[PDB]
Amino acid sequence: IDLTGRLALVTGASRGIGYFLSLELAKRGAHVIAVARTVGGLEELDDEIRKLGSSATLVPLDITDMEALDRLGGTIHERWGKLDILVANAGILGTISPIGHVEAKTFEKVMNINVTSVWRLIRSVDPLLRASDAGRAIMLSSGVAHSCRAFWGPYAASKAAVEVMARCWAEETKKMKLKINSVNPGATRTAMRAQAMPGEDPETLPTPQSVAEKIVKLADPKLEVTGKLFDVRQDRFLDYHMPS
């Protein structure tokens, strides 16, 4: 997959999948705009990016700072005039507990970060993605969005909302060059261990690098798929099914 001359925006870039996917994108010639909360974490990512032939644009910001997201879109437009790849990876787990035990502040934060800030980002860079000759949006989700695991309610619901926004966006744009898909990255040996599936061996959970390596396929200008869920563990696109 050749991403030479491509511009990618990765949120939650300073750790976990966001970190490793930034690297996989950079390995393939993309220029990464790396968004995260702290400058230090972005600098650590940048050290690794510089070890490749590459260099990144570091954008520390509060993902809930809704005007900062608007400004980022303006910055990208002025400098490059388009955006080729969006990786919406920013997100928090909240706290595992019965739905009625959840703290209000935690519920509101889960929804504001996991849902509203994703929508804000979409609004900000949708025009830029349309200016690409092959815009690609990659929306990070979780298997619990569909398994509806006990005690994971707010998180599960937030990720279901993200997938539905992505599906609607894909339907609205399906005749365009833009393709939008969600991703279930599965559990990794570090990131999201607790999300391992029944029948998935905790001793052989994938490296985050190997997971990021598969996700980068969704950035391919040759990709024809839109509105689907990419299951990394199964290494294939899944179809959504109506209740019946």
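Residue positions are given as counts along the sequence shown, with the first one as 1.
As the entry records it, the average C-alpha temperature factor is higher for 192-200, out of 174-182 and 192-200.
Relative to one another, 207-215 and 46-54 have unequal mean CA B-factors, and 46-54 is the one with the higher figure.
You'll see in the entry that, of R149, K109, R71, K159, the Cα B factor peaks at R71. Ranked by Cα temperature factor within the chain, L83 sits in the middle third according to the deposited record. For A90, the recorded CA B-factor ranks within the highest third of the chain. Only modelled residues enter the ranking. Per the deposited record, the Cα B-factor of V35 falls in the lowest third when ranked against the other modelled residues of its chain. Ranked within its chain, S132 lands in the middle third, by CA B factor from the PDB record. Among all modelled residues in this chain, the alpha-carbon of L223 has a temperature factor (C-alpha) in the highest third.
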